[PDB]
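Novice: Chains as they are written, first to last, in PDB author numbering: chain LH, 1 to 15, 53 to 227; chain CK, 197 to 261; chain LS, 1 to 174; chain Cd, 71 to 118, 130 to 185, 205 to 209; chain CF, 2 to 246.
Take a look at this one; I'll ask things after.
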RNA sequence: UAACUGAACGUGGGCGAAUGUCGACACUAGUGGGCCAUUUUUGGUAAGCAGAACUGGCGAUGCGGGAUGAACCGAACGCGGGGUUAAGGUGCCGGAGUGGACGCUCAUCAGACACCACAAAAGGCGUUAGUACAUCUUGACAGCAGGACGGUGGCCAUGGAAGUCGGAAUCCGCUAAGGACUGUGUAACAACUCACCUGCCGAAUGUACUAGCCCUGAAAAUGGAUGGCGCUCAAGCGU
RNA sequence: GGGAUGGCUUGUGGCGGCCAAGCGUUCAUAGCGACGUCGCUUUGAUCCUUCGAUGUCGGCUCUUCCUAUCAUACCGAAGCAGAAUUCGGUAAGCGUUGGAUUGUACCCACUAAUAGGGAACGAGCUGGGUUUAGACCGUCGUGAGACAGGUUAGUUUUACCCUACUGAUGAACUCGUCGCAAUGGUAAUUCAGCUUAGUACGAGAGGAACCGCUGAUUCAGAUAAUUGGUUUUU
């Protein structure tokens, strides 16, 4: 079955500017500006109402209709990123060797870098380079905690996943060795 | 097994005592307690081989009760 | 199954001394021509009654033309078809302009979707859905919707196959 | 071919005859210098579970495991005095066996 | 449509009720009408509603129905052409949201007095406003989370630590003790579950329920009552404020 | 025959369904228990297979198409010219359509010559079309916020066992509803959760089958084959 | 004179009886049947039960391929504390040894490991099956002789042809110098020691790993200062 018309709607707050040109969405708000190329999905954008974006597919199959939900959630996440931001709080715990985490800003690349030392007594220094736009802060309120803040949910969550996956225990019982860095809390900055 | 009574393919096969499918053999049934009407022990009874021993590695038979 | 036409085929058993006036049997048959129409009549009549071609006669064959071929109609077709499992019912609907067009579309659709040929499809009933709420399948429930207006995105322009080379890249917006 | 004699007893023998035959043949095996004559025509076919019970009474699953219901061990002693004597004689036997094994670089092939 | 959610079959004794439960509710409500003089409508909104068993036990001579709102409305009769008794369609206008029926032969003044002084302290649900600020102090986490003095409190169970971490408290397991920060109460600040004048969500209410902190109350509010003798509905105080449909 | 009463054979006379259109000698051969195929019949095997009967073909035979070929399809042959076809084809090699209509399928070596085996009542949270049964504004499926109780820590057993180590039963009340309990958990409790019910919401869903196409459903060893390039609203599949 | 089964095969037994989703079946209520289950095929024993070559395999050298992975690389699970593992997955890049025993295929050691196959078994050399002619013993035969057999000694001896391979020249475009890179080949391998650290982990016994450093095994490409070897430097 091919459905003749299928539509989704996105409400837009007052402080958001959305510019779509050849399926390239540019969302700018108080915190910053994000861009995303959605040209790989056949979709027609329109202004159905004031502050309302309309997404429509004509003569599409069920897969083509279902793709609009992904596009809707992507644009909504961009709007939430430029309005409230995204914040991932991570906690690093240890049993015997205290894990040392250093955060600096590589200014030549314009991006933050995290150096992890003494992970279960290893002499190697693990290094994680952040995606641009993600800011790393060692939390002063709680103990042994990083905070990743940004406008791009994909960038912040991918940086968090990189920090988890660079600290993995190998050739040991994971029931006994609980060392590592884990994402404790996910939420919005504001 | 007490004797080979009939190999249906050839009387020479019965003379040689070949155990194949459909062969009538004579077995000692002393461990089954088959008794005559006055108390005599029936210790010999015919049975038929119901498998292919040359392909199975064992002889399986059914009593002719 | 070709350019089909609908035929009223009336036949009967041959009159004998026992039965001077045998009963007449009438069927509506979708067939490409009158020979196929009479053959299908004798096949279906052998399937129901003690009449065959050697013991019966074809009284009448008349083409049943559509009353309003310029009126767009919705048709419900109830049919049985033969598969490797057995006989199965299907009810389908087709939005066409005539019964013969609906039956041709049904034959093409059943061939495409279930690999059923003309030899293994029996047409039991073809009806016109006179009201909109009689429409049950969603693909025509979406066509009978109020104020149905849609565009035609990505229309490849009709370019002649004998003109091999073009000087500009074609547009797909007209 | 079907026949009535397929479903009849082919060799029968009575209680007293079988017992007398077995007793006489056993007396014949007692002497190694006495051998039978025409032994191929003689009925020589007539002449020639604690673990299971324990497993039946106590299954392996009820003995040890996550579903085990065993609570009382099986002992070879009844009171403390026989326990002490059992330990003493067990230690003595263990030491004697160790001395026996001691009395009884890798080696070449 | 191959890609579909696997519908889990439940190997439990209790099954879905269905239409027969609705018919039983209809029969019970339509049979309790000709035996009781007054029929009250009460409301318990945004409340745990687990003391209704105690209310039923205390009012032994009364009959309480707490079924579906629309089911109770259709049982009493929405229109005057289908009402079981006269004036019941006037009573059905108050049945919106979480409400219940109370068939009684007592004094309406006695019923109002009982549902006035009846009050039990209860756990807050999501959407309520926090009356105060609750903060678990840093250090060893106890069962009440600082409600009682720490010298009179058992430490919280070690099995609740993953639940607290999932609910957002950055607690940790030190020597079999759930501790916030360190063992000696250093290097961390207290965890503020809720702030005064803040709408409680499910996470905060679940944290308060785990720490046995009650920040709400169980109040049954009487909206109105229909009398069989007068054949009329007298509307009480909460009935004016509560919306009708 | 009781009988010109019959039996044959003569005398004389009168008067037939459709379609197509040879016999006897003489002399002289070669081959007379070959192969393959459809149908029918008889026996079996784990599967293969082994027999007979008729017919057709080959050995004796070229031509067009199956890329190619003893057994297939079409058609049988003097030397040439013109026209039309059969079987098979029309993206290029290759003469002829990137022809038209309606759909289906995306394959980590699809498919385009399949029927046989692998192989099954086989496994797919691939995708379409149907059939049956069921729920639903008296609010269906999914979610979110809560309840999920009392006799009772039911009986026996166990060092301890309170729904959740075991055995046997498995009832009643309050019900809107809640199992002498679905899992997590405790030494045992506690606590959480499931079944079930209510509040918010808003209109169609759920289960099992059936028919298509697709994935897997077992593969070795020099580098290679729908004939090759290549083909994805096909240059694949059905009409 | 005539000759010299194959899109087969692989990982899970048979016979007999129950149970059963289902297939059938309503004028006969029979018959097949997946999944299972049940009977026959020493309390860690015994060592006092090796059960028939008609069919033939090996070895040297050397190359390549397959994966159905023994080791190395990575990953998932297991009371997997550590150490050592076990089970499984992707993966053929790289390796997979030296010996004993012929009164006739298993043992031993080193090692990371001593994985399994194909291209033969549907005119390279060399030991058995294996067997021309001489001879002996055993069995059979009156015999010549034959064999249930056992032992000894014993004649095939190319290449200069074409192709393939390995290398070396080369006409045409004046000769020569310096270059580019389509295509073809392709290379590294494993272990040990120091430090981490007697640390993590552990009741104890024991006991790692990442980064860093230094050697060695096997393979490969060169080289002759030095040391052995070679002597027609006659």
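Don't be surprised by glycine CBs; every beta carbon is placed ideally from N, CA and C.
Taking 8 Å as the threshold (C-beta atoms), are residue 116 of chain CF and residue 43 of chain CF in contact?
Specialist: Yes. Within cutoff.
Novice: Are the beta-carbon atoms of residue 57 of chain CF and residue 65 of chain CF separated by less than 8 Å?
Specialist: Yes, the Cβ-Cβ distance between residue 57 of chain CF and residue 65 of chain CF is below 8 Å.
Novice: Does DSSP put residue 174 of chain CF in a helix, in a strand, or in coil?
Specialist: Residue 174 of chain CF falls in the strand class under three-state DSSP.
Novice: Helix, strand or coil for residue 77 of chain LH? Go by DSSP, reduced to three states.
Specialist: Looking at residue 77 of chain LH - three-state DSSP - the assignment turns out to be coil, as it is neither helix nor strand.
Novice: By the 10 Å Cβ neighbour count, where 16 or more other Cβ atoms means buried, how is residue 182 of chain Cd classified, buried or exposed?
Specialist: Classification of residue 182 of chain Cd: exposed, given that the 10 Å Cβ count is below 16.
Novice: Among LS:143, LS:33 and LS:120, which has the Cα closest to the Cα of residue 85 of chain LS?
Specialist: Closest by alpha carbon: LS:120.
Novice: Report yes or no: do the region 219-234 of chain CF and the region 84-103 of chain CF share at least 3 C-beta pairs separated by less than 8 Å?
Specialist: Yes, the region 219-234 of chain CF is in contact with the region 84-103 of chain CF.
Novice: Cβ closer than 8 Å: which chain Cd residues qualify as neighbours of residue 237 of chain CK?
Specialist: Within 8 Å Cβ-Cβ: 82, 83, 84, 85 and 88.
Novice: Quick one: which unbroken alpha helix (DSSP H) runs of 4-plus residues sit fully inside the region 91-141 of chain LS? Chain order, please.
Specialist: Counting only runs of 4 or more, we get 99-114 and 138-141.
Novice: What's the gap between the Cα of residue 186 of chain CF and the Cα of residue 148 of chain Cd?
Specialist: When rounded, the distance between both Cα atoms is 43 Å.
Novice: DSSP beta-bridge partners for residue 7 of chain LS?
Specialist: Paired residues: LS:29 and LS:63.
Novice: In whole angstroms, what is the alpha-carbon distance linking residue 205 of chain CF and residue 145 of chain CF?
Specialist: Distance between the alpha carbons of residue 205 of chain CF and residue 145 of chain CF is about 14 Å.
Novice: Cα separation between residue 19 of chain LS and residue 101 of chain LS?
Specialist: Residue 19 of chain LS and residue 101 of chain LS: Cα-Cα distance of roughly 41 Å.
Novice: Along the chain, where does the alpha helix (DSSP H) containing residue 211 of chain CF start, and where does it finish?
Specialist: Run containing residue 211 of chain CF: 203-211, per the alpha helix (DSSP H) assignment.
Novice: What is the DSSP secondary structure of residue 72 of chain LH, reduced to helix, strand or coil?
Specialist: Of the three classes helix, strand and coil, the one that applies to residue 72 of chain LH here is strand, per DSSP.
Novice: When DSSP builds the beta bridges, which residues end up paired with residue 127 of chain LH?
Specialist: Answer by DSSP bridge pairing, in chain order: LH:183 and LH:220.
Novice: Could you check whether residue 180 of chain CF and residue 140 of chain CF sit closer than 8 Å to each other, using their CB atoms as the reference points?
Specialist: In this structure, residue 180 of chain CF lies closer than 8 Å to residue 140 of chain CF by Cβ.
Novice: Report the neighbours of residue 222 of chain LH on chain CF: residues whose CB is nearer than 9 Å to its CB, in chain order.
Specialist: Within chain CF, the residues near residue 222 of chain LH are 169 and 171.
Novice: With 16 other CB atoms within 10 Å as the buried threshold, where does residue 79 of chain LH fall?
Specialist: Looking at its Cβ environment, which holds fewer than 16 other Cβ atoms inside 10 Å, residue 79 of chain LH is exposed.
Novice: Report the neighbours of residue 130 of chain LH on chain CF: residues whose CB is nearer than 8 Å to its CB, in chain order.
Specialist: In chain order: 173.
Novice: Within its chain, find whatever has a CB closer than 7 Å to the CB of residue 122 of chain CF; leave out the 5 residues flanking it on each side and keep chain order.
Specialist: Hits under 7 Å: 215 and 218.
Novice: Give a yes or no on whether the minimum CB-CB distance between residue 110 of chain Cd and chain CK is below 8 Å.
Specialist: No, residue 110 of chain Cd does not count as interfacial toward chain CK.
Novice: Tell whether a beta-carbon distance below 8 Å holds between residue 131 of chain CF and residue 198 of chain CF.
Specialist: Going by C-beta atoms, residue 131 of chain CF is nearer than 8 Å to residue 198 of chain CF.
Novice: Say yes only if the C-beta of residue 160 of chain Cd is nearer than 7 Å to one or more non-hydrogen atoms of the ligand HEM, and no if none qualify.
Specialist: The model depicted lacks the ligand HEM and carries no ligand whatsoever.
Novice: Indicate whether residue 128 of chain CF and residue 50 of chain CF have their beta-carbon atoms separated by less than 8 Å.
Specialist: Cβ atoms of residue 128 of chain CF and residue 50 of chain CF: not closer than 8 Å.
Novice: Any C-beta of chain CF sitting closer than 8 Å to the C-beta of residue 209 of chain LH?
Specialist: So no, residue 209 of chain LH is outside the interface.
Novice: Within a Cβ cutoff of 6 Å, which residues of the same chain sit near residue 95 of chain Cd, ignoring the five residues on either side of it in sequence?
Specialist: The answer, listed in chain order, is 117.
Novice: In whole angstroms, give me the CA-to-CA distance for residue 212 of chain LS and residue 171 of chain LS.
Specialist: Absent from the model: residue 212 of chain LS. The displayed extent of chain LS is 1 to 174, so no value can be given.
Novice: Can you name the residues of chain LH whose CB is closer than 9 Å to the CB of residue 188 of chain CF?
Specialist: Simply 179, 180 and 181.
Novice: Can you pull the chain LH residues whose beta carbon is under 9 Å from the beta carbon of residue 91 of chain LS, in chain order?
Specialist: Near residue 91 of chain LS there are no residues of chain LH at all, since even the closest Cβ is about 16 Å away, more than 9 Å.
Novice: Counting only Cβ-Cβ distances shorter than 8 Å, please list the residues of the region 177-201 of chain CF near chain LH, keeping chain order.
Specialist: Here the close residues are 182, 183, 188, 189 and 190.
Novice: How would you list, in chain order, the residues of chain LS whose beta-carbon sits under 8 Å from the beta-carbon of residue 3 of chain LH?
Specialist: Going along chain LS in sequence order, the residues near residue 3 of chain LH (Cβ under 8 Å) are 142.
Novice: Among LS:76, LS:90, LS:123 and LS:160, which has the Cα closest to the Cα of residue 130 of chain LS?
Specialist: Nearest option by C-alpha distance: LS:76.
Novice: Have a look at residue 161 of chain Cd and residue 169 of chain Cd and give me their C-alpha separation to the nearest angstrom.
Specialist: When rounded, the distance between both Cα atoms is 12 Å.
Novice: Anything in chain LS within Cβ reach of residue 95 of chain LH, meaning under 7 Å, just list it in chain order.
Specialist: Neighbours of residue 95 of chain LH on chain LS, chain order: 150, 151 and 153.
Novice: For the region 24-107 of chain CF, which segments carrying the alpha helix (DSSP H) assignment without a break, of at least 4 residues, lie completely within its bounds, in sequence order?
Specialist: Listed in chain order, they are 53-59, 70-77 and 89-92.
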